[PDB]
């Protein structure tokens, strides 16, 4: 039905200075994936190009790389990274419909052009699932069907830029889109394509030793149970723990007994088997997720892994990382933390450099709540996580172990995000009356934080949503629910989303400023990863001293709050050693 030119070659009217562009990559993981077709829509008409001709045409390649030739797209990072794997640079992306829809409403779950278009009553385009199919039936349709679908997606983007930009402007989000999310998308594309080199010899050797240790722990388990059984079957595990050994039942799931790590730690005084089970799960988690799982996604020729940073997924404005997830590599236990020895620089005589914001969300909270005592604490550069551990465990600063500080950390965030006295009691193995009175003492020291929690909930009720410092938005319809439990979850979102989301705004701006500064200084240093409030770079070892001065300062000056921001940083031969 929709008219377009099925081109056999590239003509000049296809190369206008504004166009909607579709560069179609059907595989979910777009690294090194086929480009199946290209569509262009501009003032001169609608065009479909086969990639084998468009991407070898020197005028089309120059047009793609000309930043003054402006393109509107959906998920331009998918396109940009797929084009890098074809050796082609995409520049000039001035509107991204995926990122525009994400800002307007992250809960929509927009995953293709049709779902974005539906937000503005535009329905002249089919969902990608209807054209390609689902699961094992996924297939590229034949050329006529493929080309009409790509042209319809391009025409939708063409028509939708203005009504999306208009609503972004009304929401105070247009500069958020155009100066933050869209430049960040090109930086993530570079990070994803650079990848992270992995020491596969050391990883495989760890995997060998691990399997030997797994079998040993597994036999002490069978010997402590007096019998063999399946350690990962809840049924058989419940029989050993709760019927055979007759341990107390502290917690049930919807399917039966709970055996989560918090339950098993509480059972450790009763029987030695439960701590062996914990060691066994931890060893097994490393093997399946961080050894085997990681080797499966290493590209063998370069020994690099290439994550995908989902930039339009989380409800707070955070990124997520997938296949592999490089944002949850073990660190807390020494056995798992050794995994990070396998992440190495991509050139000899380069180093890994890591920089991290200190107590980022509490500094953001101090600023947003304008709490006098919390603002003073950070103006003194106090370590609030350590101070809370001193108070909890009634020890001195010199005696705070890494674990107590990590514990107190869950206490600080738990309290400001609405933990109940019950929840706090369970978390610390203390009484519920002592839990409630600790919480009341905590808000007596920080009355501005308490006022803020009450006020933000009220504002969410009035407005129907909450916002972050850079005007990211999250709608909270459940805030006025008749159901107490549904309303309560919404109130804790109203307490947490402005703080976590503002911390996400800040590090994103820091990344944009960092990239610009590295380029102005003509350094080879470049970002590899973001881990929510941490940035990880690699660079020639001769740039490290300049990075020690440049990176902390760029991150600390990304925004100006009522308290200082503070950055810790380390560098070394591996990711393990950058700490």
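Residue numbers count along the first chain shown, from 1.
For the pair 289 to 297 and 399 to 407, the mean B factor over Cα atoms is greater in 399 to 407. Mean CA B-factor, 97 to 105 versus 279 to 287: the higher value falls on 279 to 287. Taking the deposited Cα B-factors for 215, 183, 447, 414, the highest one is held by 215. Listed residues 194, 365, 494, 224 were ranked by CA B-factor as deposited; 224 comes out on top. The deposited CA B-factor of residue 383 belongs to the middle third of values across its chain. Residue 549: CA B factor lies in the highest third for its chain, per the PDB record. Residue 438 sits in the highest third of its chain by CA B factor, as recorded in the PDB entry. Ranked against the other modelled residues of its chain, the C-alpha B-factor of residue 335 as given in the entry falls in the highest third. Per-chain ranking of the deposited C-alpha B factor places residue 266 in the highest third.
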